[PDB]
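The structure appears below as structure tokens.
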Ligand SMILES: NC(=O)c1ccc[n+]([C@@H]2O[C@H](COP(=O)([O-])OP(=O)(O)OC[C@H]3O[C@@H](n4cnc5c(N)ncnc54)[C@H](O)[C@@H]3O)[C@@H](O)[C@H]2O)c1
Ligand SMILES: NC(=O)c1ccc[n+]([C@@H]2O[C@H](COP(=O)([O-])OP(=O)(O)OC[C@H]3O[C@@H](n4cnc5c(N)ncnc54)[C@H](O)[C@@H]3O)[C@@H](O)[C@H]2O)c1
Ligand SMILES: NC(=O)c1ccc[n+]([C@@H]2O[C@H](COP(=O)([O-])OP(=O)(O)OC[C@H]3O[C@@H](n4cnc5c(N)ncnc54)[C@H](O)[C@@H]3O)[C@@H](O)[C@H]2O)c1
Ligand SMILES: NC(=O)c1ccc[n+]([C@@H]2O[C@H](COP(=O)([O-])OP(=O)(O)OC[C@H]3O[C@@H](n4cnc5c(N)ncnc54)[C@H](O)[C@@H]3O)[C@@H](O)[C@H]2O)c1
């Protein structure tokens, strides 16, 4: 497929319901050689199973909250893939407390800190650590949400974290482009499995999107077919965002 | 390929350098079956040639300035492709006088009318005419330019026509989505074959995008791989638009 | 007030409910000297009457569909005001059949042409005709609607016309900037006096904006207080546009 | 003036060159009652002087890095102003090492933490603290920059923090709107005093904005004249942002 010959590190696979699983499958379907990371020991077995299914042996633990963990993981990785072609960053977190009720009341300095650190900085931290291992024509990709652009009830601080992320994309595309590295994001709509009857009613295509839809777009965005696209945030929400007062 | 089994009508092929030729070429490469239109008596020959180069015998005349020409064209195509699934709109024009010098001094009522008529209305005109022939999961695509979003010297009235066009994409996407049709646009950067060294020094990827770059993105957007995307204006300009003050 | 010593032309006053009446009032309150246009002879006496309340006796007829009517209006106006400080463009029109139902079905070539011509071209047509009469420090202002940025049911082809208009604002701002003229737009939210319950429910400030809200904004934009703002589309919709899924 | 009757707290006056100085001055001029804050001991002197200069005896210390200092500052302010009408947030910081060269090589986890903490969280942190003291009709305002929207060389991590800020503005506006509070930002262009040759040449108004221009917009935005504007980022850069390829 259009990714054959590409070596992509995939991040954030927690379940087969997870957006990253969908991204992995599509990428694998298109011919990519994949690597996986997992946050904690509890996840390892699971990740290992999926990886095999997808023809992979490369399963490394990585906690993006710690710079060491990051450096370690990419040292191990270089033993198998001394050069590779990018990675998919599908990681986000904010303390659940932050995610309910009045934003002004909910928000805290630490909650603010963590959300931003995990949800946005980790992206550039990862890029910082593997910069010399990336091949010309590599592509990095993260996942975002409408919440970065508009105020959405309860999304609260995550919204701010996502806005920081989408700016990280532009600053990374600008810095890394001259070395043949592309950086994009996908702003995904809400996914039925992983309000919605509102979303479906109002989304132009009249359905919510699927991990498959998201996965297909991600594959395209990490392949050479999208070589003229960098620093972009692509909406994969079935047009949900460009419609208004859809009675 | 990812377009196997799709019938796509391509408009505005007028030369081999043309953006539309790059689009036709990539689609063909991905398995699509093509049909072509040509504006006037003059081009028939060349177009007949290119078509044949891309395995097509469907070459029909179409002058978007006229309602009957479009209706007639679709009547003809329907003899051959009673159902199809989508069309690429790569048409635009402003009288040359409109395009040089101070925007306010250059613009005229007639130059304005025409620019908007051919460059923007024509897109919905075609949709309107083949609406019943479109298969569920069809995709419509048009071509745009940064001038729609920023004031660009000399782009003048064309900047206004492209803005209108971008809105058209949104309005069309919202109207046709419920029936299974997607509508998007590509905002392409300057193309070399088709200042350039400033543009390159300032584009993150450091080069101008090519008609291949554009054709590849177009193919994706017209394929089911992009089922989750509608009403979107995708920038294929190497990240030029998201940078500022680069030097 | 902050408009004292400024001479401003106001178009589109048809009633006391009209946004332009609202704007005229507020500007007059801040000390501007006003002049008015009216479209047809039927409107004449009502306008003369309002103008009188606002200390003006300059009431000229003007149909923006006619170049000649514009030129004639400014000729006449030049007799009293050989030099002035800007105008307020508050005119938009689309054949009513255009504004009901599925956009693709309702839109026609003539409807599209008219909507664009009256609603967008008229803005630059007026600028072009009075360019030499503007003082350094002048300001031009037009009115837009969220429909230019998102697909709104029934707004249909007016959406494309507002989009062409917002781009017209950027191209004019760029062309006229160097001679001391600023150009901007206000994107006004729905006005109760000009669904609304859903609107109020979802607007952050929890009420619809008023023509007073709009007028005060227009007044600021036309004053030297906004000297650092040109080419902008300012949203006066109480934050309606920056929120999502508030329902 | 149009601010007569209001009590506004002003942060970040560090000099007479400060954008914060230009705002206070303008606000003072429009008849507002001012209070001031200062970061540390060294400033007190300067600050106490400007305040005097603007008829204020209210000078309180505040280090936004600490929730403690903020709570206290407002405790103290409630002694003189038990209720007040909003504040202007003119605070930004990132370590200097962060702001030089390749963003990817420059950024650090700590440097990113600080920048977001001081430049973005501080804003909602103050709102949270004085929420109870705000009169209906209050207005909060913050200062931004183009770096939040586009990738600007050397602006680096500040661009991500400004992006977070602009989203904060939307979430704060959506949350506080229902109790009568409006929240907005100004995105100011580069200011000469406090390349510029480049900028001027390419800024539609052909000059860089001044602290007075910014101050005038801020005053309007904090007054009741702008009661219809909330959740908005107004660009006060002479239109710099909306032009492109300006030859
Ligand atoms: N769920 C949706 O509707 C939706 C819509 C748009 C975008 N997204 C985005 O996709 C990503 C999350 O994926 P998802 O929504 O499929 O859910 P998910 O729960 O499967 O994804 C989160 C993943 O992040 C990992 N993670 C969290 N903190 C980590 C840390 N410190 N170190 C290492 N890994 C860590 C978890 O282990 C997990 O696998 C985010 O970027 C989110 O904004 C989700
Ligand atoms: N040139 C650039 O840098 C650039 C960048 C982005 C977008 N574009 C877009 O590309 C398309 C133009 O194709 P291109 O750039 O390959 O070359 P081009 O400038 O030759 O495209 C114009 C095409 O429109 C056709 N056309 C014009 N008037 C017509 C009429 N009345 N009826 C029927 N067909 C008519 C012409 O025959 C021709 O094929 C447009 O969609 C334009 O917006 C150009
Ligand atoms: N009503 C709303 O909720 C809203 C919201 C945002 C923007 N606006 C905009 O404000 C302007 C109109 O004001 P309004 O909406 O208060 O209602 P309106 O119906 O009173 O505005 C239209 C005005 O345009 C004038 N006009 C139309 N065709 C003309 C022609 N050929 N020559 C000269 N004058 C002509 C009319 O005489 C009239 O005064 C438009 O630009 C419209 O898009 C309205
Ligand atoms: N410099 C420009 O051309 C420009 C253009 C647009 C926007 N801005 C914005 O205006 C604001 C600052 O104005 P500026 O750039 O003229 O001056 P600046 O860069 O000196 O602003 C920093 C100010 O923040 C204060 N500050 C820093 N850390 C603090 C802390 N821990 N607690 C309390 N106060 C602290 C300082 O005392 C100082 O007054 C920022 O929000 C910035 O982004 C500046």
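Things worth noting here:
- Of all the numbered requirements in (1) at the interface with chain C (Cβ under 9 Å from one of its Cβ atoms); (2) under 20 Å from residue D:24 (Cβ atoms); (3) surrounded by fewer than 21 Cβ atoms within 10 Å (Cβ to Cβ), residue D:180 misses one, and that requirement is (2).
- Inter-residue pairs, beta-carbon under 8 Å, first over 9 Å from residue B:91 (Cα atoms) and within 14 Å of chain A (Cβ to nearest Cβ) and in the range B:8-21, second assigned to a loop (DSSP other than H, G, I, E, B) and more than 16 Å from ligand 1 (Cβ to nearest atom), 6+ apart: B:19/B:12; B:19/B:90; B:19/B:191; B:19/B:194
- Meets criteria (under 14 Å from the mean Cα position of the chain (by Cα) and either within 11 Å of chain B (Cβ to nearest Cβ) or crowded, with 24+ Cβ neighbours inside 10 Å (or both)) for residue A:142: yes
- Residue B:159 meets each of the listed conditions (1) surrounded by fewer than 24 Cβ atoms within 10 Å (Cβ to Cβ); (2) closer than 20 Å to residue D:241 by Cα apart from (1).
- Residue check, residue C:191 more than 9 Å from chain D (Cβ to nearest Cβ) and surrounded by 18 or more Cβ atoms within 10 Å (Cβ to Cβ): yes
Each row is one residue, and each column tells you yes or no for (1) within 18 Å of the chain's Cα centre (by Cα); (2) more than 16 Å from ligand 2 (Cβ to nearest atom); (3) surrounded by fewer than 24 Cβ atoms within 10 Å (Cβ to Cβ).
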| position | (1), (2), (3) |
| --- | --- |
| A:111 | no, yes, yes |
| A:116 | yes, yes, no |
| A:122 | yes, yes, no |
| A:128 | yes, yes, yes |
| A:147 | yes, yes, no |
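- Within the range D:189-213, the set of residues being over 18 Å from residue C:177 (Cα atoms) and in a helix (DSSP H, G or I) comprises D:211, D:212.
- For the residues C:107, C:80, the requirement of being out of contact with any strand residue (DSSP E or B) (no Cβ under 7 Å at 6 or more places or on another chain) and either within 20 Å of residue C:188 (Cβ to Cβ) or crowded, with 18+ Cβ neighbours inside 10 Å (or both) singles out C:107.
- Residue D:65 vs. criteria within 14 Å of chain A (Cβ to nearest Cβ) and within 10 Å of ligand 4 (Cβ to nearest atom): yes
- Matching option when the condition is within 30 Å of residue A:70 (Cβ to Cβ) and within 11 Å of another protein chain (Cβ to nearest Cβ), among D:137, D:111: D:111
- Entry remark, the range A:127-146: residues being within 19 Å of residue A:77 (Cβ to Cβ) and assigned to a helix (DSSP H, G or I) number 7 in total.
- Any hit, the range B:152-172, residues being part of a loop (DSSP other than H, G, I, E, B) and either within 16 Å of ligand 1 (Cβ to nearest atom) or more than 7 Å from every other protein chain (Cβ to nearest Cβ) (or both): yes
- Residue in the range A:105-122 that is within 16 Å of ligand 1 (Cβ to nearest atom) and part of a loop (DSSP other than H, G, I, E, B) present: no
- Residue within the range B:232-239 that is closer than 21 Å to residue A:185 by Cα, in contact with a strand residue (DSSP E or B) (Cβ under 9 Å, 6 or more places away or on another chain) and within 16 Å of ligand 1 (Cβ to nearest atom) present: yes
- Selection within the range A:214-247 - within 7 Å of chain B (Cβ to nearest Cβ), in a helix (DSSP H, G or I) and under 30 Å from residue B:199 (Cβ atoms): A:217, A:220, A:225, A:226, A:242
No Cβ is skipped: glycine too gets one built from the backbone with ideal geometry, and neighbour counts run over all protein chains shown. Coordinate-derived values only; no laboratory data.
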